[PDB]
Structures are given as structure tokens and as C-alpha cells.
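Here is what each chain is made of, one letter per residue.
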Amino acid sequence: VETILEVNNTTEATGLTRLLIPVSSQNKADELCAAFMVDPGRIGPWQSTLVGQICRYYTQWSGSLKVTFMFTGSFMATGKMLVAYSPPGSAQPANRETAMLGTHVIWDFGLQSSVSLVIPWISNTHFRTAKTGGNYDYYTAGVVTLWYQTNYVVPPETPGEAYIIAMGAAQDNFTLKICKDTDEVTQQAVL
Amino acid sequence: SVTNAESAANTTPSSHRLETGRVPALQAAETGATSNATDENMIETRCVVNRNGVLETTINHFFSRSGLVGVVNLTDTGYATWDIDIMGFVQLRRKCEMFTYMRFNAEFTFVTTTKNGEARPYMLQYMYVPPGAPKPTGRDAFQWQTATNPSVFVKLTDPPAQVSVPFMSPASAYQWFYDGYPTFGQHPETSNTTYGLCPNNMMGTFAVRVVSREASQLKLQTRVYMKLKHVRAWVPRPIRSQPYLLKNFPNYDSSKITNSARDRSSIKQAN
Amino acid sequence: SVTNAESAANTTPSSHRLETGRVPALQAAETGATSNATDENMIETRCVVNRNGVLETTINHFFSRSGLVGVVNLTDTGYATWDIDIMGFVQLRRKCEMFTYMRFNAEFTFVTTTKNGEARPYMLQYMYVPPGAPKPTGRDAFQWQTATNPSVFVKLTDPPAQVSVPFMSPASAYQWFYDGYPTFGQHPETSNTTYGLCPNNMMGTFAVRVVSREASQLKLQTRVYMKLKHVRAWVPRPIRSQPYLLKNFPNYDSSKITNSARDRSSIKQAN
Amino acid sequence: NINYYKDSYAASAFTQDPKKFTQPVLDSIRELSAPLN
Amino acid sequence: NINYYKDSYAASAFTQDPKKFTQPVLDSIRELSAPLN
Amino acid sequence: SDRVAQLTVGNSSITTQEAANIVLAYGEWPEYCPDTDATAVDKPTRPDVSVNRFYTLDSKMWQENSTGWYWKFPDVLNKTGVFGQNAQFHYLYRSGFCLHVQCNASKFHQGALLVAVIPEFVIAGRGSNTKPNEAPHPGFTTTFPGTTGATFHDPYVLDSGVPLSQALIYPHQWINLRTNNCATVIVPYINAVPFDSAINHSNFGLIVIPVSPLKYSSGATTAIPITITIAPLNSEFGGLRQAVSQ
Amino acid sequence: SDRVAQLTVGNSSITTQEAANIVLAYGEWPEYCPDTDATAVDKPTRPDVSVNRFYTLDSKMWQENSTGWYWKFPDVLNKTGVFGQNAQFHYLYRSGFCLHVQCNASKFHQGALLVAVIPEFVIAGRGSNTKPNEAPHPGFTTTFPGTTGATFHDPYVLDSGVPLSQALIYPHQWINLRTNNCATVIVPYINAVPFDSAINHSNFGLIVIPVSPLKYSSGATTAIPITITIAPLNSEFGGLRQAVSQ
Ligand SMILES: CCCCCCCCCCCCC/C=C/[C@H](O)[C@H](N)CO
Ligand SMILES: CCCCCCCCCCCCC/C=C/[C@H](O)[C@H](N)CO
């Protein structure tokens, strides 16, 4: 089931506006818009979702993922975007021509504007432990970046800033194993 | 439709599409339906026969583990009572509150330890008191004659006691969230102390004593672990992200609301 | 071809050869193949029906014996952890390092003794912590609620505990030798502290405590014996002849290299 | 699955239907087709 | 070989092929013949 | 069933909700080279996944006083990924392409873009000089722009002495900001030789040219981005040797 | 019909007039990965011509006081040709090998060379230190020598604490200067995982070790060269992304 990812989890953010990716008109081309890691058992945008809180009860996950982008903006504002998933290796790409070398989808703003980038299962081993960081950087899954294909064009008398809602879910290839405990709850004494 | 599964789903080979009108990428999230774009319509993929087992993610395998339901202190009044509610500890309460309705059996286990920790060869009586039955008022009262209540005699040097409990609710299922009032009449605006109290979940009292006529000089803690079995669930709901404050109420803190995702430098830096 | 065997091989009668061109004695060791000269072509032999059993030299019969995998000290912090690696002792490590790949199950046994040696009637909790699970930080912390981790309660006056462990690797086999690096990037020339560390062999932590709320005043050693079963092996390699120095690394001594055959007087004196 | 008691709750213990949570819509939407005309 | 558990790894437990270690050569060499011509 | 579309190649996808039809250059589909037309003896390689996907180039700015842009397509993907590595290591190359151009706008903007391919698009040298040994010739960065493109000087003659009015004989589309926000053209391998090098020879070239300028009212978004995503369908390489860049 | 031999792979050939038999490691032929053992979803690439041929490394000198040499084979071909480019751009790798070692001599020289492979050949660190956080570990150029090889320090224990007398359990041959002037070993893909990276993990490693030293009389040619020519049979690559060297 799709569930809103908290990609805007940075500081200087209010309560609910952490769920929105701001999009606005640029001046230089090819500019980057957003980026986040794919590991669901890792701290970040995959922690506000529902597949991230269920795969935290299990130790080893498998299968392909899915990220759905919905555009909340004006009806007269158009544009395009390039969502690119990059397998492990180097760090976050610095350019758009670097990101196009991975697995990308070009999505335009039209009558539907509800695109869905699939994240295929590209791993060496069958499973991946839901514990990353330090000596566990062997189970990272890659980076999902969001760039600007052309621009966010907009006519006069129309707001010049809109939002994207990113949601995340699993596929029919999803599999979970070895039940462990979660680390979101803490208790000193009995309630 | 209802489909069975012995393993996860397989993948079929795919080629390049070059045609108009066939768009498996554009969805509609406003319609309240999950996207259905699969791998065979997104990227060129190969064929794999996925034989990964999905058997240990069902409700029965997820809930059939003995957690901790209640610690009962007997720092010897002569006896110790314990209202039966499984919301005391925040480890099993979260998993149970992942769902709205649950119908299951129980398997209680009683692990009793001493002050520092020990097993002195004494005798202990655990008695279940259903709603309406008389609660014992002393360590040698007549309520401990248990002519009709289920009671268990065990020693501290014995293995931990274990019983199996059926579905004892008057309703058809246990509900962890109840939007209503048990009584009638005018309800106050200041303090609703009865809001969200389902009377179909109160199951009775659990009493424990040391079988004696004098007063044994020991203090002891008895731990009650529950393993759910034959479990059925209905109406799944989200998992709690705020810290717990009370047992029977989903209270949280107005100020100091913890965010469900830790902070990073900026939105344009995935590191 | 694949041949079965209930016993060792038999011998057939042979006579004297007097002819040219038939030479079963001259081999070629440069071709990387073992000599195949049998007894029937070397010396005149008789016929014997050899019924000696070769059944107890297989991999299953060679590895299915409980050795010693790890001693855990609890000289009571209140608890004791132990990273699970079977390379601590040089008795089973050698047999395991006779092969490159092994896929097997495990059967752990826990034998716990006291300072001098004793069995005081206390309680012990052994808990397995998988990679990623929270390690207990105290003797009464919440990580000991084991709502999902496998735990074992046993007394010191009980028989030694025993469990069976499946194949828990993400890969298809355990490899005792890994020629590579787990991470990426620039690797140093001075000290490669990560060379030869296979991440598919790290299996988690084994914690142990005494079930109490006070602090029991005893120090105790718990020994973890493993019996391999349902074992399969791949790519046999030579057996180590140098003394061991480290656990996760095949380090030896540059100077003072021990010879694999003791010295004698001369090569012309077999005595 | 052997039970030693008269009551069946004292005994010892692959259906999936995600189409009631993922796509609980009245008008069925196809895979290759656009969702709204 | 009786097992009392649902999982098969908790249970209780004559093939030989030395021709892949002794003579793993492509061209097969005979017994009575010389190895190289 | 005609304006919404999705094109998936390799591991990349392209969705669009308003568009024109998919054009097919000269009615021929790009396929592998047969054994009749082939002349090289050594066996070619076919990755078919790593090199046949959507490579996105950088974005060009769409303003009021623009002139146009042109690319040389077997030369733009000589530094990007496994396709660039194979085109550097190998010596012979043959593939078809699929070119998508996204330029979206609102319902208050107006303009027109002519997007077309020209097989063997030769750049001319501007200057009145009839002596062959002194006339001005274009530079290497003008003939082979690369992954960064190059702007026109005279879009009225296509910088080649050929009127762009007659440029509709080529495979082409129009990006009209009130009908479609993108254009797509699939091109086969058009050449007089079966295999050719992908380093010192560019088969064709795209040209986006502003016919009707971009106009809008005060308050609307000013800078209109233009993106081009391309896909080398049915790639074949041959003659593996040392790697050369140019 | 047993000593003369020719092995042709891709566009390269290897002829020999005196040799031993061709060894086949563990009796298994290197073939492509089946759909049962495979786990990655994306389709692999198969050049099958440009990457499956004979790559020749440099020549090592054969003197009187030599000790031996070792290579890490998925790491020696990471800078040479289309195989190196594919192993840098891609992320998963699987192939078998075929290793020929030429060391010819006259009928008046004598010596012996043990040439063998070791799957997962781990280099040990020499030094008596039982503290784990201070013990000496080998450098990056000692563990991964590359296309230039690395010499031993103690060939008696294979620089791993393992006696080289028992190194005959591995697939091996002998270069005896009076019987053969070369050795050949075909090796399948021996690993506990179907695909693995060809950058930070070397499957196996060859070791040429002088067992019987090189001896001759005054007047004979002194410096005896040693050459190794290898062939990655049945190569498969996967996971195309940005190029990384190490
Ligand atoms: C002393 C030996 C027998 C002990 C009998 C105790 C069992 C009777 C209580 C049944 C427990 C049912 C499970 C929990 C019920 C409700 O959901 C809780 N009140 C939750 O608030
Ligand atoms: C407390 C009762 C249950 C105890 C559970 C412990 C079993 C989990 C560990 C499995 C051990 C697998 C065998 C050894 C694994 C690797 O080969 C070693 N790390 C070798 O380095």
C-alpha cells in the first residue's frame, strides 16, 4: 500500500510540510531537485512509511520497491522531471548526465501526473540485512534522485511554486525473514 | 480474487516497447488505489524463478511468540492481585495495536523469582477471578477454596507454569480501539474518564499467594508472558510513532512531538 | 563417473607379463594427474574379497562431533556478550579450514560452571541477538524482554541446554577464506584491517545473564560446544602446518618457521 | 497436530488477497491503459 | 529418522567420485598405455 | 488512447500525458544487420541492456531571443556510460535511435518548436571567400558539439545554405505549446555502409528551432527548460582494440 | 596426437609442440549461469568475442635465486581492453578462465615449476603479534598485485601458513624443462554466489613456484623468460552504472 514518504525531513521544517518536495521555476538548466536513499531499514524518508516500519520487525528483506510521485500544483503549470535510481558504487551523482546512466524515468506534468518509478532488485546476494552503516555498507541499495528535465513553466496569474508528494510501497517480489525487534519504542517503567 | 502462494512472484522476460497509447507508467493516485506498474512494463528484465519462502510473514507466525504481559509484585497483605490487561508494556502493545480487531487464544507462562533472584522450595497458588467472582480479602480467606475457579499450584523450584486460555469475550472479537461510551446519560465536557473503555475487553483479575498459615518472609516478582495462537485480525491500522503515556488511553504530548524521520542537512543531499 | 561403495576395493589374481609396449609403470606427473598404477599390473598378487567398512570416513561422520566453539566469562556489568565466531579455538578451526566452502546446520550446547566448579540452583538466560537487533545495555534492561528473539531459560542444576540452528547465511555457503574487501573506495598500503573479512559469516551476538533484580555474587564460565550436521563441503584445501596467531586472520611468523617434518641424521638413514 | 485434550483450543497450530487494500476501486483499472479518460 | 518438529533441520542425520581430483585431465590416459606419445 | 503514452527501454521509462503521435523515420524499424549486408568477419557484440536505454542530456534554456540548437548523435554519447565505453573501445558501430524532446509550458504561454533529424547534417562555413585554400571552415567544437550542444547563427538557412522551410521533408515534429509538450522520433540506421565508426563520423543530427517565439504575460514563469532523452535502439559494435577518445 | 596442440579463442591462438595434457579444474566446464541459480533481475550482457580472447601479461625473469610469483586473476584484467572496461562499468561479473604458462628452455637446462590455482587465495601478514588491533596486515599492492604480479617471501608456506607440499590438491601442473615447455589449466567459476564484483574480490590466483632451481653450464643462455597468457571463457557482466577503477 502506498504511503507518503518524508523526504523533506530536514531542519527548519514545520510539522506537516515535511511530507512535500518543493518544485519551482529555475534559471539554470539541468538542476537537481531532491535525493534520498533506498534502504527501507535505514533512517530517513523510508521511516515515515509503512513498508519501513514492517520491515523493521524483520531482519532480512528482498524484492523490488516502488515509489509513486504525485504532483500537487496548478492545472495550468506544466513541466518535466527525471527520476533516476542508481545502484551502489559511487556517491550521489553530481550531474544529470551522470544520473541518466542508471535506471531512470522521464515524467511530464499532464492530465494524470501520478507517475510510478519501480526500483528493481539489483543485488549480489539473495537478501539484504535491514541494518546499514559502517561495516554494513555492503547492503545499501542505491540512491533515488529527482532532477529537472526541461523546467517548471507557468503562465501569469498562477503560483510559481508547487509540491510533489512521494509515496513508497513494495512489489509482489517482496519477501521478509528473521523476525527481530524494532527500535522506535522506549520504556523506563511500567505505564 | 483469492490467490495462493508457496513462494514470491516470478518475473518473465520483457523487450522494448515502441508504440503509442500503451502507458503503464502514468497512474492516478487521486483514485485511492495503489499503483500497479510491474517490472515487465517498466524496464527490460530477465526471467527468474523466485523460490524465496514467504511463509513466516503471516499473522500466526508474527504473533505466536511469548512476549511480556505483566509483572506482579509480591513484596510480602499476603497476596497480590493484577487486573488482566495486556497494554502494560510497550513491546507487545504496539504489535497488538497494529490492528483494530483480533480474535485469538492465549498461552500464559508464569516465571517467578525472588528479591535478588533465587528459587526457594515454597508453594504458590495462582487463581483466576472472573468478573463478578469474589476477590480474596486475605491470605487464608475462603475465596482460596477455588471450588469453581481455575487455580494452579506450583513450586519455585519447578519449571514455569503454563496454561492455555480460550476466547473469553462476550463479543465476537477483541477491539483495541473503542469509539464510544459504556454507559448512557449526560457526559461531561471537562474530564471524560470513561471515553474509549470497551467493556468487552475486561476479563477479570489474577491473584497469587503463598500457600501457608503463617507468614513466609520473602518478596517475589511473578512475570506473566503471553503467546498468542490461532489468531485472526481485522481492519489493519497504522503503527504508533509517539511514545506511550498511559495504559488504557492513547495519550501523547502536545508539545515536544517527535518526528517520524530523523533530520538531515538538506533535501538535495541523500547522504 | 560416479561409483558407489559398501566397502573397500577388491583384488584380482595376476600373472607375470612378458611383452613390449604395455607399460603400466611409466606415468607423467607433469600432466597434473595422479598415477593410476594398481597392484594387478605391478606385482603378482592374489584374490581377496575386502569387506572393510569405509562408512565412517565421510564428511557427515567426520564433522558430527561436538567440539568447543567458545568460552564466555561471566565474572559478575551483570551480563556477558560473545560475538559468534568458531575460529577461537584451534581444534575445530583446523578441520573447518580443511575446506573452502561449507554448508551445514549447528547444534549448540551450553555447559555452565562456577568459580572452582559447582552448580548453584540459580537461573540463566541465554539470548541470541541477530545483526541489527539491539544489544542489552544492562542486567534489567528492556532488551531482555525477547518478544522476538530466541531465548533459553536454564538452571545450573539442569542438564546442559541444547538447541538446533539452521543455515542462516545470506549466501549459499559459509566460506572460511575470502579474497577481497567488503567495502569500496581507496584502500591503504600500510594496514588493511578489512582484508579477508567476509560479511556473509557474521551471524550476530550471544548474550547471557542471570535472571534477577538484585546482583547475585557469583562468577561463572559458560562453554558453547557445536556439533555440525547435514554438512556439505566444497573445494578442499591443504591443512595448516603453522601455529595460529589471530582469530579472523591467517597470520603466521616470518622468522621461526616450523618445518612440517622433524629432522633426522641423514637422507641415507631411514632409522 | 496430535491433541491430548477434549478442548480444541489447547492444541498446537497461504491465503493472500491484497486486492482489497491496494485497488479497492469500483471501476477496475487496467495495467497498460490510462486510469482516467 | 523420526522427527517431532515442523522444521526439518532439527532432525537427526556412499557416494564417491575421486576422478575429479586424481585425473582431472581433458584427454583421458589409459592404464597400460604410455601417458604421452 | 492516443495522447497518453509510455516508452520503456532497458531499465528506463518515459511517460507523457499530452503528446503527438510517435513518428517512425521513413517507415522502417531499426533491427540488427543481416548476414547479407554484413562484410566484417569478426563477430559483433550485443549488450542489448546496458547500451539500449534512455540517456538524458543537459537542459537548454528557452527564452525570447533564442535561435536554435543542434547535436551530432553518434558523437553526443561518446562519454556517457557503457555505450560510450563500447564506442571508444570498438571500431565499428551500427544502431538506431529514439529521440524524445520534452518542453512543457502552461496554458498561457505560446510558441513553436521544429524538431527534426537530418542524415549527414553537414555544417557550413560562413564567409564570402571563393579561394579554396583560404576559405573559413568550422571548428571541431562547431562540427561535433557533443553532450553540450551548439547554437545556430542563421536558422533561416540551417547553417548549411538550405532553407528550413523545406526542412519538413526530413522526419520531424512540432512542439506547439497548446497541443503537445513533447515530441518523439524513432530513426533507423541510415547509411551507405553497413558498419561505420562512432567517433569521426556522425550519422544524423537533431535540430530544435524556434519558429514562433515564446511569448507570455507578466507574472508567468519566464525561463522554459528544454530536455532531450535519447535511446540507442539495437546497438552493435565491432573491432575491439585499444581505447581511443577522438 | 598428444603433445602438439592449438587453442583458439576469439581472435587469438596458442600453438605448442611439446606440452602436457590440458587440465580441467574439478572436471567442470565453464558455462553460462542458468536461470535457476540466478538472482539478479536485470539482463546481463555477453560480448563473447571482444572479452573472450587471449590477454598476455608481461614476462617475469627466471634466474637462479627466484622464489615465486602470484596473481589475482579477476584483478589482473581490470586495465586491459574491453574486458577491463566492462569490469569497470558493470557491477556483477561471472566467468571461467583458461591459463597457459610458457617457459621454454633448451636440452641442457634443468629445473621445475609448480603452476597451480587457489580459489580464494588469501595473503597472510608476516609477524608475531597476537593483539588484533596492532598486527601487521598486507598492503593493497601485496593483496591485489595486478598486471605486474608480486613475488613471494616464503614459498614454503605459500605466504599463508599452508605447506606447498600439499598444494597438489589444487588444480595444478608441472613445467619440467625436459618434458614440457608450457602448462595449461582451464578453471570454471568457483564461488559461493552466482554473481560477484570483479573489482574488490578476486576469485582465485595462479602461483608459479620454483621447486627444483634452474641450473645450467657456462655458455648457455642465462635469463629464462616466463610468460602467461590467459583467456576469460564465458564472460558475463551485470549492473551497468558509472565507471569505477577501485
Ligand atoms: C491462573 C491460571 C489461569 C489464568 C487465567 C487467565 C486468563 C484469563 C484472561 C484472558 C486474557 C485474554 C487476552 C487479553 C484480553 C483483553 O484483550 C485485554 N484486557 C486487553 O486489554
Ligand atoms: C541462545 C539459543 C540460540 C543460540 C543461537 C545462536 C546461533 C546463531 C549463530 C549460527 C552459527 C552458524 C555457524 C557459524 C557461523 C560462521 O561460520 C562463523 N562466524 C565462522 O566465522
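Just above, that's the structure.
Residues numbered from 1 in each chain as written, not as in the entry; some residues may be left out. Chains lettered and ligands numbered in written order. Part of a larger assembly, values for the part shown. Heavy atoms only, no water. Residues with missing side-chain atoms left out of burial classes, pairs and counts.

K.L.:
Please provide a residue-by-residue account of a nonpolar patch on the surface, values included.
P.N.:
A grouping of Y101(B), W234(B) and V235(B) is seen on the molecular surface, where their side chains present a nonpolar patch of about 250 Å² in accessible area. In this structure, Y101(B) sits in strand β4 (residues 99-114). (Patch = residues over 30% accessible without salt bridge, like charges linked within 9 Å, V, L, I, M, F, W, Y side chains within 5 Å. Areas by Shrake-Rupley, 256 points an atom, 1.4 Å probe, with all protein chains shown as cover. Salt bridge = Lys/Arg side-chain N within 4 Å of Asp/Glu carboxyl O. Helix = DSSP H or I, 4+ residues; strand = E, 2+ residues; numbered from the N terminus.)

K.L.:
So, the layout of surface pockets: which residues are in play, and what are the values?
P.N.:
All names here are of chain B. Approximately 1,200 Å³ is the volume found for the second largest pocket. Residue lining of the second largest pocket: 47 residues in total, with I84, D85, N201, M202 and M203 positioned closest to the centre. Put simply, the parts of the chain that give the lining of the second largest pocket at least two residues each are β4, β5 (123-129), β6 (151-155), β7 (161-165), β8 (174-175) and β9 (205-210). Ranked by the residues each element gives to the lining of the second largest pocket, the list is headed by β4, at five residues. Of the residues that constitute the lining of the second largest pocket, the class distribution is 30 nonpolar, eleven polar and six charged. (1 Å grid on protein atoms, 1.4 Å probe; cavity = no way out; pocket = protein on both sides within 12 Å on 5 of 7 lines; lining within 4 Å. Points joined across faces, edges and corners; volume = space filled by probe spheres on them. Nonpolar A, V, L, I, M, F, W, Y, C, P; charged D, E, K, R; others polar.)

K.L.:
Pulling in residues and values, what's your account of the site of ligand 2?
P.N.:
Residue and element names in this part refer to chain C. In the vicinity of ligand 2 lie 14 residues, with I84, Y128, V165, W176 and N201 positioned nearest. A distance of 3.3 Å separates a nitrogen atom of ligand 2 from a polar backbone atom of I84. Compared with its free state, where it exposes 610 Å², ligand 2 has 94% of that area covered by protein. (Near = heavy atom within 4 Å. Polar contact = N/O pair within 3.5 Å; in protein donor to acceptor, adjacent residues only side chain to side chain.)

K.L.:
Explain the site of ligand 1 to me, using residue names and the numbers behind them.
P.N.:
Residue and element names in this part refer to chain B. In the neighbourhood of ligand 1, 14 residues make up the surrounding shell, with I84, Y128, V165, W176 and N201 lying closest. Within the backbone of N201, a nitrogen or oxygen atom sits 2.8 Å from a nitrogen atom of ligand 1. Relative to its free-state accessible area of 600 Å², ligand 1 is covered by the protein chains to the extent of 94%. Among the cavities detected, the one that contains ligand 1 is the second largest pocket. When the residues that make up the shell around ligand 1 are grouped by side-chain class, the tally is twelve nonpolar, one polar and one charged. (Sits in = over half its atoms within 2 Å of the grid points.)

K.L.:
With reference to specific residues and values, describe the arrangement of the chains.
P.N.:
The closest approach of any C-alpha atom in chain A to one in chain E is 15 Å; the two make no contact. Separated without contact, chain E and chain F have their nearest C-alpha atoms at a distance of 28 Å. (Contact = heavy atoms within 4.5 Å.)

K.L.:
Can you tell me about the interface of chain F and chain G, naming the residues and giving the values?
P.N.:
At the junction of the two partners, chain F supplies 16 residues and chain G supplies 16 residues. Ranking the residues of chain F by area buried against chain G places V82(F), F89(F) and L240(F) at the top, with a combined share of 35%. At the junction of chain F and chain G, the tally comes to zero residue pairs in polar contact. Broken down by element, the side of chain F that touches chain G gets its largest block of residues, five residues, from helix α2 (residues 81-89) of chain F. Here the residues of the side of chain F that touches chain G sort into eight nonpolar, six polar and two charged. (Buried area = accessible area lost by both parts, 1.4 Å probe.)

K.L.:
Give a description of the environment of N78(F) that names residues and reports values.
P.N.:
All names here are of chain F. Tracing the sequence through the fold places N78 in the loop between α1 (73-76) and α2. Separated by 120 residues in the primary sequence, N78 and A198 place their C-alpha atoms 8.0 Å from one another. Excluding its chain neighbours within four sequence positions, the residues that come into contact with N78 are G84, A87, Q88, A198 and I199.

K.L.:
Before we move on, could you go through the relation of the copies chain F and chain G and cite the residues and values that matter?
P.N.:
Rotating chain F by 180° and moving it 0.0 Å along the rotation axis overlays it on chain G with an RMSD of 0.0 Å. Here the two chains are linked by the operation of a two-fold rotation axis. Interface overlap between copies: 100% of the residues of chain F at the interface are likewise at the interface in chain G, consistent with a symmetric, same-surface contact. (Least-squares fit on C-alpha atoms.)

K.L.:
Before we move on, can you summarise the sheet that holds strand β10 (residues 150-151) of chain F with the specific residues and values?
P.N.:
Residue and element names in this part refer to chain F. Ordered by their spatial adjacency, five strands build an open sheet running β10-β6-β13-β9-β11, and the pairing between neighbours is antiparallel. Of all strands in the sheet, those bounded by a partner on one side alone are β10 and β11 (172-176). One ladder, built from five bridges, connects strand β9 (residues 112-117) with β11; its direction is antiparallel. Considered in β11, the bridge of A112 is made with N176. (Pairing = 2+ DSSP bridges.)

K.L.:
Residue-level account of the nonpolar core, with values.
P.N.:
Counting residues in each nonpolar core, the largest one holds 103 residues, and the members touching the most others are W176(C), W71(G) and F73(G). The element best represented in this core is strand β4 (residues 99-114) of chain C, accounting for seven residues. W176(C) has contacts with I86(C), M87(C), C96(C), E97(C), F99(C), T100(C), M102(C) and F104(C), leaving out every residue within four places of it along the chain. Counting residues in each nonpolar core, the second largest holds 93 residues, with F36(A), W46(A), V51(A) and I122(A) among its members. (Core = buried A, V, L, I, M, F, W, Y, C linked by side-chain atoms within 4.5 Å. Buried < 20%, exposed > 50% of the residue type's maximum accessible area, 1.4 Å probe, protein only.)

K.L.:
Help me get a handle on α2(F), residues and values and all.
P.N.:
In terms of burial, α2(F) is largely enclosed, as nine of its nine residues are buried. All buried positions along α2(F) are accounted for by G81(F), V82(F), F83(F), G84(F), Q85(F), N86(F), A87(F), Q88(F) and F89(F). Looking at the buried residues of α2(F), the elements they touch are β4 (55-56), β7 (92-94) and β15 (236-238) of chain F together with α2 (81-89) of chain G.

K.L.:
I'd like a rundown of the sheet that holds strand β5 (residues 123-129) of chain C, residues and numbers included.
P.N.:
Across a sheet, paired strands are connected by hydrogen bonds in the backbone, their directions being either parallel or antiparallel. All names here are of chain C. Ordered by their spatial adjacency, four strands build an open sheet running β3-β9-β5-β6, and the pairing between neighbours is antiparallel. Of all the strands in the sheet, the pair left with one neighbour each is β3 (79-83) and β6 (151-155). The sheet shows a mean angle of 20° between the axes of neighbouring strands, direction not considered. Of the pairings in the sheet, the one linking β5 to strand β9 (residues 205-210) comprises six bridges and is antiparallel in character. Along β9, the bridge assignment pairs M127 with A207. (Axes fitted to C-alpha atoms, helices over the stretch in contact; angles between N-to-C directions.)

K.L.:
Describe the packing of aromatic side chains, with residues and values.
P.N.:
Per the stated rule, a full pass over the model turns up 53 aromatic pairs over all chains. A ring pair is formed by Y181(B) and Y195(B), whose centres lie 5.6 Å apart and whose planes are at 65°; its orientation type is edge-to-face. Taken together, the residues span a long stretch of sequence, with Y181(B) in the loop between β8 and β9 and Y195(B) in the loop between β8 and β9 at a distance of 14 residues. When the ring of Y70(F) is compared with that of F121(F), the centres are 6.0 Å apart and the planes differ by 75°; the resulting orientation is edge-to-face. Within this pair, whereas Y70(F) is found in strand β6 (residues 69-70), its partner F121(F) is found in the loop between β9 and α3 (140-143), the two being separated by 51 residues in sequence. Judged on exposure class, the residue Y70(F) and its partner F121(F) are both buried. Cluster of aromatic residues (ring-pair linked, three or more members): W82(B), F108(B), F110(B), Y126(B) and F206(B). Residue placement shows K95(C) over the ring face of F62(C); its charged tip is 4.6 Å from the ring centre. The ring of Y244(C) carries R240(C) above its face, with NZ or CZ at 5.0 Å from the centroid. (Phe/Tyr/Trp six-rings, centres within 6.5 Å; stacked < 30°, edge-to-face > 60°. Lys NZ or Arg CZ within 6 Å of the ring centre and 35° of its normal.)

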